[PDB]
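Asker: So I've got this file, start33.cif, and it contains mmCIF, C-alpha atoms:
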data_coords
loop_
_atom_site.label_atom_id
_atom_site.label_comp_id
_atom_site.auth_asym_id
_atom_site.auth_seq_id
_atom_site.Cartn_x
_atom_site.Cartn_y
_atom_site.Cartn_z
CA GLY A 1 -37.90 25.06 44.20
CA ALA A 2 -35.34 23.65 46.63
CA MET A 3 -32.45 23.99 44.23
CA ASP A 4 -33.31 27.39 42.73
CA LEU A 5 -31.24 29.47 45.14
CA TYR A 6 -28.11 27.46 44.40
CA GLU A 7 -28.82 27.60 40.66
CA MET A 8 -29.30 31.37 40.76
CA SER A 9 -26.10 31.66 42.79
CA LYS A 10 -24.18 29.93 39.99
CA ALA A 11 -25.71 32.23 37.38
CA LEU A 12 -25.00 35.35 39.48
CA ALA A 13 -21.38 34.28 40.03
CA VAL A 14 -20.59 34.75 36.36
CA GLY A 15 -22.48 38.01 35.84
CA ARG A 16 -20.18 40.69 34.44
CA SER A 17 -22.37 43.80 34.63
CA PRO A 18 -25.28 45.15 36.68
CA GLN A 19 -27.49 44.42 33.66
CA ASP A 20 -26.37 40.77 33.71
CA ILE A 21 -27.23 40.58 37.38
CA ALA A 22 -30.58 42.28 36.85
CA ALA A 23 -31.52 39.94 34.01
CA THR A 24 -30.52 36.84 35.96
CA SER A 25 -32.33 38.02 39.05
CA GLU A 26 -35.52 38.74 37.09
CA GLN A 27 -35.35 35.32 35.36
CA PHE A 28 -35.04 33.40 38.60
CA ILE A 29 -37.30 35.47 40.77
CA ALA A 30 -39.93 35.36 38.05
CA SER A 31 -39.76 31.57 37.71
CA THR A 32 -39.34 30.58 41.38
CA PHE A 33 -42.02 32.98 42.66
CA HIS A 34 -44.45 32.85 39.73
CA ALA A 35 -44.19 36.57 39.31
CA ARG A 36 -43.13 39.35 37.01
CA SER A 37 -40.23 41.34 38.36
CA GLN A 38 -38.10 44.34 37.61
CA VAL A 39 -34.76 45.18 39.17
CA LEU A 40 -34.14 48.93 39.54
CA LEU A 41 -30.58 50.25 39.93
CA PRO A 42 -29.37 53.70 40.97
CA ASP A 43 -27.71 55.95 38.38
CA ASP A 44 -24.84 58.39 39.00
CA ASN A 45 -27.17 60.56 41.06
CA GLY A 46 -28.66 57.73 43.11
CA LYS A 47 -31.85 57.85 41.04
CA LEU A 48 -33.44 54.50 40.16
CA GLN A 49 -33.52 53.26 36.56
CA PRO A 50 -35.47 52.31 34.52
CA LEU A 51 -38.27 54.81 35.24
CA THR A 52 -40.51 52.89 32.83
CA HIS A 53 -42.24 49.57 33.49
CA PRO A 54 -42.18 46.51 31.19
CA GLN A 55 -45.25 45.23 29.35
CA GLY A 56 -47.18 42.94 31.66
CA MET A 57 -46.45 44.77 34.92
CA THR A 58 -48.74 47.25 36.67
CA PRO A 59 -47.11 50.68 36.99
CA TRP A 60 -45.62 51.36 40.42
CA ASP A 61 -45.08 54.75 42.05
CA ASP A 62 -41.61 55.88 41.07
CA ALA A 63 -41.28 58.14 44.11
CA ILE A 64 -42.28 55.43 46.56
CA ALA A 65 -39.76 53.15 44.88
CA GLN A 66 -37.18 55.90 45.37
CA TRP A 67 -38.25 56.13 49.02
CA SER A 68 -37.73 52.39 49.47
CA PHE A 69 -34.24 52.62 47.99
CA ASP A 70 -33.30 55.75 49.96
CA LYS A 71 -34.47 54.35 53.30
CA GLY A 72 -33.59 50.71 52.65
CA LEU A 73 -37.14 49.70 53.61
CA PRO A 74 -39.74 47.64 51.77
CA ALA A 75 -43.00 49.13 50.50
CA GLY A 76 -46.07 47.73 48.82
CA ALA A 77 -47.85 44.62 49.85
CA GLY A 78 -46.88 43.35 53.30
CA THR A 79 -45.94 46.82 54.61
CA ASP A 80 -47.73 49.86 55.97
CA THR A 81 -46.70 51.98 52.94
CA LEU A 82 -48.99 51.27 49.97
CA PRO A 83 -50.30 48.12 51.72
CA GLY A 84 -52.99 47.70 49.08
CA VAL A 85 -50.97 47.51 45.85
CA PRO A 86 -50.64 44.15 44.07
CA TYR A 87 -46.84 44.15 44.13
CA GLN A 88 -43.93 44.35 46.59
CA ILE A 89 -41.10 46.86 46.47
CA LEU A 90 -38.06 45.23 48.08
CA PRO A 91 -34.65 46.70 48.77
CA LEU A 92 -31.64 44.70 47.61
CA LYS A 93 -29.55 45.12 50.73
CA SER A 94 -26.23 43.83 51.93
CA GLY A 95 -25.76 44.87 55.52
CA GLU A 96 -27.06 48.41 55.91
CA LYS A 97 -26.39 49.36 52.28
CA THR A 98 -29.05 49.16 49.57
CA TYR A 99 -27.73 48.46 46.07
CA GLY A 100 -31.01 48.48 44.18
CA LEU A 101 -34.64 47.37 44.37
CA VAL A 102 -36.73 44.63 42.98
CA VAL A 103 -40.40 45.14 42.24
CA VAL A 104 -42.23 41.78 42.38
CA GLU A 105 -45.78 41.42 41.01
CA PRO A 106 -47.05 37.86 41.47
CA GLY A 107 -49.77 36.14 39.51
CA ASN A 108 -51.25 35.19 42.89
CA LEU A 109 -50.56 37.65 45.71
CA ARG A 110 -51.90 35.33 48.43
CA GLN A 111 -49.33 32.75 47.32
CA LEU A 112 -46.42 35.22 47.33
CA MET A 113 -47.36 36.50 50.78
CA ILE A 114 -47.21 33.08 52.44
CA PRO A 115 -44.58 33.71 55.15
CA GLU A 116 -42.37 30.80 54.07
CA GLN A 117 -42.33 32.26 50.56
CA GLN A 118 -41.45 35.70 51.93
CA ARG A 119 -38.55 34.22 53.87
CA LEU A 120 -37.28 32.49 50.71
CA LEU A 121 -37.65 35.68 48.71
CA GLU A 122 -35.62 37.54 51.34
CA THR A 123 -32.76 35.07 50.83
CA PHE A 124 -32.98 35.64 47.06
CA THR A 125 -32.72 39.42 47.52
CA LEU A 126 -29.65 38.93 49.76
CA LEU A 127 -27.87 36.93 47.05
CA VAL A 128 -28.79 39.50 44.41
CA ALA A 129 -27.56 42.32 46.67
CA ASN A 130 -24.27 40.49 47.20
CA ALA A 131 -23.73 40.25 43.43
CA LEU A 132 -24.53 43.93 42.93
CA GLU A 133 -22.20 44.83 45.81
CA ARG A 134 -19.37 42.79 44.31
CA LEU A 135 -19.74 44.40 40.88
CA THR A 136 -20.11 47.94 42.21
CA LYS A 137 -17.12 47.70 44.54
CA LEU A 138 -14.98 46.10 41.83
CA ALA A 139 -15.92 48.74 39.24
CA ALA A 140 -15.00 51.46 41.75
CA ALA A 141 -11.69 49.77 42.53
CA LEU A 142 -10.91 49.57 38.82
CA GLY B 1 -32.86 30.42 63.94
CA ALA B 2 -35.02 32.15 61.32
CA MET B 3 -33.16 35.42 61.53
CA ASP B 4 -29.60 34.07 61.79
CA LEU B 5 -28.84 34.15 58.06
CA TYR B 6 -29.80 37.81 57.81
CA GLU B 7 -27.83 38.62 60.96
CA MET B 8 -24.74 36.84 59.66
CA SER B 9 -25.17 38.66 56.34
CA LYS B 10 -24.97 42.00 58.17
CA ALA B 11 -21.85 40.91 60.04
CA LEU B 12 -20.20 39.59 56.85
CA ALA B 13 -20.98 42.82 54.99
CA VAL B 14 -18.60 44.77 57.20
CA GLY B 15 -15.78 42.21 57.29
CA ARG B 16 -12.51 43.78 56.12
CA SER B 17 -10.22 40.74 55.88
CA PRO B 18 -10.48 36.98 55.29
CA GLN B 19 -9.79 36.55 59.02
CA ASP B 20 -12.79 38.77 59.84
CA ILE B 21 -14.94 36.67 57.56
CA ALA B 22 -13.61 33.43 59.02
CA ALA B 23 -14.25 34.58 62.59
CA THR B 24 -17.76 35.75 61.80
CA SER B 25 -18.56 32.59 59.91
CA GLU B 26 -17.31 30.40 62.77
CA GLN B 27 -19.30 32.42 65.34
CA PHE B 28 -22.56 32.10 63.46
CA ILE B 29 -22.19 28.59 62.17
CA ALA B 30 -21.18 27.46 65.63
CA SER B 31 -24.21 29.08 67.30
CA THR B 32 -26.89 28.35 64.67
CA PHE B 33 -25.82 24.73 64.13
CA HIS B 34 -24.71 23.85 67.66
CA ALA B 35 -21.30 22.93 66.40
CA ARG B 36 -17.63 23.75 66.51
CA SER B 37 -16.30 24.98 63.21
CA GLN B 38 -13.12 26.02 61.51
CA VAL B 39 -12.82 27.94 58.26
CA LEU B 40 -9.76 27.00 56.19
CA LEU B 41 -8.42 29.41 53.55
CA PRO B 42 -5.89 28.80 50.77
CA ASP B 43 -2.46 30.43 51.02
CA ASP B 44 -0.37 31.76 48.11
CA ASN B 45 0.14 28.21 46.88
CA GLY B 46 -3.49 27.15 47.20
CA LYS B 47 -2.69 25.21 50.37
CA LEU B 48 -5.27 25.38 53.18
CA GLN B 49 -4.47 27.16 56.45
CA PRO B 50 -4.45 26.65 59.38
CA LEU B 51 -3.03 23.10 59.29
CA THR B 52 -3.67 22.82 63.03
CA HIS B 53 -7.04 22.27 64.73
CA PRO B 54 -8.45 24.30 67.65
CA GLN B 55 -8.94 22.87 71.14
CA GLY B 56 -12.30 21.14 71.27
CA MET B 57 -12.34 19.83 67.69
CA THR B 58 -11.40 16.32 66.56
CA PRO B 59 -8.46 16.37 64.14
CA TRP B 60 -9.48 16.05 60.48
CA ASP B 61 -7.38 14.66 57.64
CA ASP B 62 -5.51 17.60 56.15
CA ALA B 63 -5.12 15.89 52.78
CA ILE B 64 -8.80 15.03 52.49
CA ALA B 65 -9.57 18.64 53.37
CA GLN B 66 -7.19 19.67 50.59
CA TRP B 67 -9.01 17.24 48.26
CA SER B 68 -12.35 18.83 49.12
CA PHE B 69 -10.99 22.30 48.36
CA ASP B 70 -9.24 21.22 45.15
CA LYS B 71 -12.28 19.41 43.75
CA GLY B 72 -14.94 21.69 45.22
CA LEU B 73 -16.70 18.67 46.72
CA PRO B 74 -17.80 17.90 50.26
CA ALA B 75 -16.26 15.10 52.33
CA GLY B 76 -16.94 13.66 55.74
CA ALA B 77 -20.32 12.84 57.09
CA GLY B 78 -23.06 12.76 54.46
CA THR B 79 -20.68 11.82 51.62
CA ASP B 80 -19.00 8.69 50.31
CA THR B 81 -15.53 10.01 51.26
CA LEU B 82 -14.86 9.47 54.98
CA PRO B 83 -18.59 8.79 55.56
CA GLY B 84 -17.90 7.68 59.12
CA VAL B 85 -16.16 10.74 60.62
CA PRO B 86 -18.06 12.90 63.12
CA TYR B 87 -17.65 16.11 61.11
CA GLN B 88 -18.42 17.54 57.67
CA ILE B 89 -15.89 19.11 55.32
CA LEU B 90 -17.76 21.63 53.16
CA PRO B 91 -16.47 23.73 50.29
CA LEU B 92 -17.22 27.45 50.41
CA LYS B 93 -18.23 27.86 46.80
CA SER B 94 -19.56 30.66 44.68
CA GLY B 95 -20.47 29.29 41.29
CA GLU B 96 -17.81 26.78 40.28
CA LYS B 97 -15.06 28.43 42.32
CA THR B 98 -14.14 27.30 45.84
CA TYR B 99 -12.78 30.05 48.10
CA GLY B 100 -12.17 28.00 51.22
CA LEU B 101 -13.63 25.23 53.39
CA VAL B 102 -15.48 24.97 56.59
CA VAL B 103 -15.10 21.96 58.85
CA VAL B 104 -18.23 21.54 61.00
CA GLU B 105 -18.24 19.19 64.02
CA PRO B 106 -21.65 19.20 65.71
CA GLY B 107 -22.41 18.26 69.28
CA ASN B 108 -25.14 16.01 67.84
CA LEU B 109 -24.41 14.63 64.37
CA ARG B 110 -27.95 13.24 63.90
CA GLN B 111 -29.27 16.77 64.43
CA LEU B 112 -26.84 18.36 61.96
CA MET B 113 -27.63 15.76 59.31
CA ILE B 114 -31.37 16.45 59.31
CA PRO B 115 -31.93 17.39 55.65
CA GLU B 116 -33.59 20.72 56.47
CA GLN B 117 -30.54 21.61 58.55
CA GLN B 118 -28.23 20.61 55.71
CA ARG B 119 -30.15 22.84 53.31
CA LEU B 120 -29.84 25.77 55.75
CA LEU B 121 -26.14 25.12 56.21
CA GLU B 122 -25.68 25.15 52.43
CA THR B 123 -27.19 28.64 52.31
CA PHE B 124 -24.79 29.73 55.08
CA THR B 125 -21.78 28.43 53.11
CA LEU B 126 -23.00 30.34 50.02
CA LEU B 127 -23.09 33.63 51.94
CA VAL B 128 -19.66 32.97 53.42
CA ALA B 129 -18.29 32.13 49.97
CA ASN B 130 -19.73 35.36 48.59
CA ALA B 131 -17.93 37.38 51.27
CA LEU B 132 -14.64 35.60 50.62
CA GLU B 133 -15.09 36.13 46.87
CA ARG B 134 -15.72 39.84 47.36
CA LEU B 135 -12.63 40.30 49.53
CA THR B 136 -10.35 38.22 47.32
CA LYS B 137 -11.41 39.93 44.10
CA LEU B 138 -11.12 43.37 45.69
CA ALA B 139 -7.66 42.66 47.11
CA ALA B 140 -6.54 41.49 43.67
CA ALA B 141 -7.98 44.60 42.02
CA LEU B 142 -6.15 46.78 44.52
#
Will you turn the file into C-alpha cells for me?
Answerer:
Amino acid sequence: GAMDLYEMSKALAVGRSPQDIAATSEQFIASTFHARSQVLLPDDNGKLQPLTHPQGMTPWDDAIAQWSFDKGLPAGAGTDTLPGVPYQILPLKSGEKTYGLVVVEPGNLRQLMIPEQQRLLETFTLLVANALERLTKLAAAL
Amino acid sequence: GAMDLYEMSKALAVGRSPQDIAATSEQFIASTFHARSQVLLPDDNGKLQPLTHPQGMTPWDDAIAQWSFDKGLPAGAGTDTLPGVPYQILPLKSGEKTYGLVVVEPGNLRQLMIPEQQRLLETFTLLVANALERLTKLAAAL
C-alpha cells in the first residue's frame, strides 16, 4: 500500500537490535508483498544466519544466498542465477555495502515480479539496509 | 527519474558530515524535482541554519521554518500553513524525530504538487533523514 513504506520507516526507526529490524522487515515485506520472507544477517565471520528456513518457506540454497551477500547481487527469480526458483534472494545494500539479505517467497510469483512491485520492493530493501547500517555502525562505535 | 532514489542513496551512503549530506540532498532534489532547494539543520540550540537564503531562491519565513522543524510538520504549499507561498517546507523525519528541513522551490509549482511527485519527494526526504540520523547518532556516540 501507499503508506506502507512510511509506516515501516517509523517501525524501523525504533528498532534496537538487528533482530528487531529483521522482525519488522519480515512483518512489513510479508504483508505489503503478500509473501513469506526471511532476513539473513552475517555473523562474526561474515556467514549468513539463520542457516535454517522457517515453516512455510521453500528451502533456498545456502551457498547461493552466501554468494548474493558476498557479491552484493540478487539471485533467484528475476536474475540469471537460479532464474527458475519460486523466490528472490535480495541484498540489503546501502551504497556498495551489503548488510544482509532478504529471501522473499510470494504466494503469487507473477504478482511479485510486476516491475512496479519490484521497484517498490527495492525501496523497501534500501530502508531496511539503512536501519541495519545504523545499528551496525553504532554498535561498532560503542 | 526511476533510478534517482537509488543513485542518491549511493551518494548519501558515503557522506561524512551533515554538510556532505545537505549538499548531496540539494543536488539530487534539485535535479529530480526541477527545483531549487536548501537543507536547514539545527545548531547546538536546535535553531535552524543557515538563516540566509541562496541566490535564486525566494526568501522563506525563518520562524515558520522553525515551527515546521519543532513540530515535525510540513508548511508552505500543500498545507494549511502558508498555503499560498511558492515553495514547500518539509521536515526531514525518521520515525517521530525531525533531523532537519528541506525548503523546495520548484520552477513549476503545479508540476511539483502532482500527488505522484509528492509521494516520490516524501521517499527522498526519508532517505535524507536516515543519513542525517546516522551521522548525528554516530557523532554523539563518538
Asker: List every residue of chain A that has an atom at most 10 Å from any atom of chain B, and for each one report the closest atom pair and its distance in Å to one decimal, counting all atoms listed in the file, with rows sorted by chain and then by increasing residue number, as a Markdown table.
Answerer:
| residue | atom | partner | partner_atom | distance |
| --- | --- | --- | --- | --- |
| A:2 | CA | B:119 | CA | 8.5 |
| A:3 | CA | B:119 | CA | 9.4 |
| A:5 | CA | B:123 | CA | 8.3 |
| A:6 | CA | B:123 | CA | 8.1 |
| A:7 | CA | B:95 | CA | 8.5 |
| A:8 | CA | B:95 | CA | 9.1 |
| A:9 | CA | B:95 | CA | 6.3 |
| A:10 | CA | B:95 | CA | 4.0 |
| A:11 | CA | B:95 | CA | 7.2 |
| A:12 | CA | B:95 | CA | 7.8 |
| A:13 | CA | B:95 | CA | 5.2 |
| A:14 | CA | B:95 | CA | 7.4 |
| A:93 | CA | B:10 | CA | 9.3 |
| A:94 | CA | B:13 | CA | 6.2 |
| A:95 | CA | B:10 | CA | 4.0 |
| A:96 | CA | B:10 | CA | 7.1 |
| A:97 | CA | B:13 | CA | 8.9 |
| A:119 | CA | B:2 | CA | 8.5 |
| A:122 | CA | B:6 | CA | 8.7 |
| A:123 | CA | B:6 | CA | 8.1 |
| A:126 | CA | B:9 | CA | 8.0 |
| A:127 | CA | B:127 | CA | 7.6 |
| A:130 | CA | B:130 | CA | 7.0 |
| A:131 | CA | B:130 | CA | 8.2 |
| A:133 | CA | B:134 | CA | 8.3 |
| A:134 | CA | B:134 | CA | 5.6 |
| A:135 | CA | B:134 | CA | 8.9 |
| A:137 | CA | B:138 | CA | 7.5 |
| A:138 | CA | B:138 | CA | 6.1 |
| A:139 | CA | B:141 | CA | 9.4 |
| A:140 | CA | B:138 | CA | 9.8 |
| A:141 | CA | B:141 | CA | 6.4 |
| A:142 | CA | B:141 | CA | 6.6 |
Asker: Determine the nearest neighbour of residue 35 of chain B from the options B:115, B:84, B:100, B:56, counting only C-alpha atoms.
Answerer: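 Closest residue, counting only C-alpha atoms: B:56.
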Asker: Excluding same-chain residues fewer than 2 positions from residue 57 of chain B, what lies within 8 Å of it counting all atoms listed in the file, as a list in words?
Answerer: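 The residues that qualify are residues 36, 37, 53, 54, 55, 59 and 105 of chain B.
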Asker: Could you tell me which residues the PyMOL selection byres ((chain A and resi 79-81) around 12) returns for this structure, as a PyMOL selection string?
Answerer: chain A and resi 61+64-65+67-68+73-78+82-90+113
Asker: Output the selection as a PDB file, in the frame of the given file - C-alpha atoms for each residue.
Answerer:
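Saved file again-v6.pdb follows:
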ATOM      1  CA  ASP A  61     -45.080  54.750  42.050  1.00  0.00           C
ATOM      2  CA  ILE A  64     -42.280  55.430  46.560  1.00  0.00           C
ATOM      3  CA  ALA A  65     -39.760  53.150  44.880  1.00  0.00           C
ATOM      4  CA  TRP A  67     -38.250  56.130  49.020  1.00  0.00           C
ATOM      5  CA  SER A  68     -37.730  52.390  49.470  1.00  0.00           C
ATOM      6  CA  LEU A  73     -37.140  49.700  53.610  1.00  0.00           C
ATOM      7  CA  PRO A  74     -39.740  47.640  51.770  1.00  0.00           C
ATOM      8  CA  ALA A  75     -43.000  49.130  50.500  1.00  0.00           C
ATOM      9  CA  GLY A  76     -46.070  47.730  48.820  1.00  0.00           C
ATOM     10  CA  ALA A  77     -47.850  44.620  49.850  1.00  0.00           C
ATOM     11  CA  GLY A  78     -46.880  43.350  53.300  1.00  0.00           C
ATOM     12  CA  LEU A  82     -48.990  51.270  49.970  1.00  0.00           C
ATOM     13  CA  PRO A  83     -50.300  48.120  51.720  1.00  0.00           C
ATOM     14  CA  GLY A  84     -52.990  47.700  49.080  1.00  0.00           C
ATOM     15  CA  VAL A  85     -50.970  47.510  45.850  1.00  0.00           C
ATOM     16  CA  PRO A  86     -50.640  44.150  44.070  1.00  0.00           C
ATOM     17  CA  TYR A  87     -46.840  44.150  44.130  1.00  0.00           C
ATOM     18  CA  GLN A  88     -43.930  44.350  46.590  1.00  0.00           C
ATOM     19  CA  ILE A  89     -41.100  46.860  46.470  1.00  0.00           C
ATOM     20  CA  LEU A  90     -38.060  45.230  48.080  1.00  0.00           C
ATOM     21  CA  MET A 113     -47.360  36.500  50.780  1.00  0.00           C
TER      22      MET A 113
END
Asker: Box in all listed atoms of segment 114-119 of chain B, axis-aligned, with 5 Å more on each side; write out centre and edge lengths in Å to one decimal as lines of an AutoDock Vina configuration file.
Answerer:
center_x = -30.9
center_y = 19.6
center_z = 56.3
size_x = 15.4
size_y = 16.4
size_z = 16.0
Asker: Check the smallest atom-to-atom distance from each of A:129, A:58, A:124, A:111 to residue 27 of chain A using only C-alpha atoms, then report the winner.
Answerer: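 Residue with the minimum atom-to-atom distance to residue 27 of chain A: A:124.
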Asker: Give as a list in words every residue, naming chains and numbers as the document does, that has an atom within 12 Å of (-25.8, 53.7, 40.7), counting all atoms listed in the file.
Answerer: residues 18, 19, 40, 41, 42, 43, 44, 45, 46, 47, 48, 49, 50, 69, 98, 99, 100, 101, 132, 133, 135, 136, 137, 139 and 140 of chain A
Asker: Quick one, how far is atom CA of residue 32 of chain B from atom CA of residue 121 of chain B?
Answerer: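 Pair atom CA of residue 32 of chain B / atom CA of residue 121 of chain B returns 9.1 Å.
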Asker: One number please: atom CA of residue 60 of chain A to atom CA of residue 20 of chain A, in Å, one decimal.
Answerer: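 Distance between the two atoms: 23.0 Å.
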Asker: Go ahead and compute the interatomic distance for atom CA of residue 39 of chain A and atom CA of residue 108 of chain A, in Å to one decimal.
Answerer: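 Answer for the atom CA of residue 39 of chain A to atom CA of residue 108 of chain A separation: 19.6 Å.
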Asker: Can you give me N, CA and C atoms for segment 76-91 of chain B, written as an mmCIF file, in the coordinates of the input?
Answerer:
data_model
loop_
_atom_site.group_PDB
_atom_site.id
_atom_site.type_symbol
_atom_site.label_atom_id
_atom_site.label_comp_id
_atom_site.auth_asym_id
_atom_site.auth_seq_id
_atom_site.Cartn_x
_atom_site.Cartn_y
_atom_site.Cartn_z
ATOM 1 N N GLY B 76 -16.499 13.844 54.384
ATOM 2 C CA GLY B 76 -16.940 13.660 55.740
ATOM 3 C C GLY B 76 -18.358 13.173 55.735
ATOM 4 N N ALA B 77 -18.999 13.382 56.875
ATOM 5 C CA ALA B 77 -20.320 12.840 57.090
ATOM 6 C C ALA B 77 -21.296 13.322 56.014
ATOM 7 N N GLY B 78 -22.125 12.406 55.518
ATOM 8 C CA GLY B 78 -23.060 12.760 54.460
ATOM 9 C C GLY B 78 -22.534 12.532 53.053
ATOM 10 N N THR B 79 -21.292 12.055 52.931
ATOM 11 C CA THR B 79 -20.680 11.820 51.620
ATOM 12 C C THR B 79 -20.082 10.420 51.596
ATOM 13 N N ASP B 80 -19.623 9.998 50.428
ATOM 14 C CA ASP B 80 -19.000 8.690 50.310
ATOM 15 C C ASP B 80 -17.493 8.706 50.543
ATOM 16 N N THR B 81 -16.944 9.862 50.923
ATOM 17 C CA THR B 81 -15.530 10.010 51.260
ATOM 18 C C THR B 81 -15.436 10.261 52.783
ATOM 19 N N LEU B 82 -14.806 9.379 53.528
ATOM 20 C CA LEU B 82 -14.860 9.470 54.980
ATOM 21 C C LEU B 82 -16.298 9.593 55.506
ATOM 22 N N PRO B 83 -17.201 8.681 55.110
ATOM 23 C CA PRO B 83 -18.590 8.790 55.560
ATOM 24 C C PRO B 83 -18.740 8.622 57.059
ATOM 25 N N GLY B 84 -17.747 8.015 57.708
ATOM 26 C CA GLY B 84 -17.900 7.680 59.120
ATOM 27 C C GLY B 84 -17.337 8.682 60.127
ATOM 28 N N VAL B 85 -16.747 9.781 59.668
ATOM 29 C CA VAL B 85 -16.160 10.740 60.620
ATOM 30 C C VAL B 85 -17.272 11.598 61.230
ATOM 31 N N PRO B 86 -17.008 12.169 62.411
ATOM 32 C CA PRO B 86 -18.060 12.900 63.120
ATOM 33 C C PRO B 86 -18.113 14.377 62.752
ATOM 34 N N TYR B 87 -17.638 14.713 61.562
ATOM 35 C CA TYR B 87 -17.650 16.110 61.110
ATOM 36 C C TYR B 87 -17.927 16.141 59.612
ATOM 37 N N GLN B 88 -18.267 17.319 59.106
ATOM 38 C CA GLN B 88 -18.420 17.540 57.670
ATOM 39 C C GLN B 88 -17.320 18.453 57.187
ATOM 40 N N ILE B 89 -16.852 18.220 55.958
ATOM 41 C CA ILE B 89 -15.890 19.110 55.320
ATOM 42 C C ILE B 89 -16.624 19.698 54.122
ATOM 43 N N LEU B 90 -16.896 21.005 54.160
ATOM 44 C CA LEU B 90 -17.760 21.630 53.160
ATOM 45 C C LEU B 90 -17.036 22.719 52.377
ATOM 46 N N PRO B 91 -17.081 22.638 51.052
ATOM 47 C CA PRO B 91 -16.470 23.730 50.290
ATOM 48 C C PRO B 91 -17.288 25.023 50.372
#
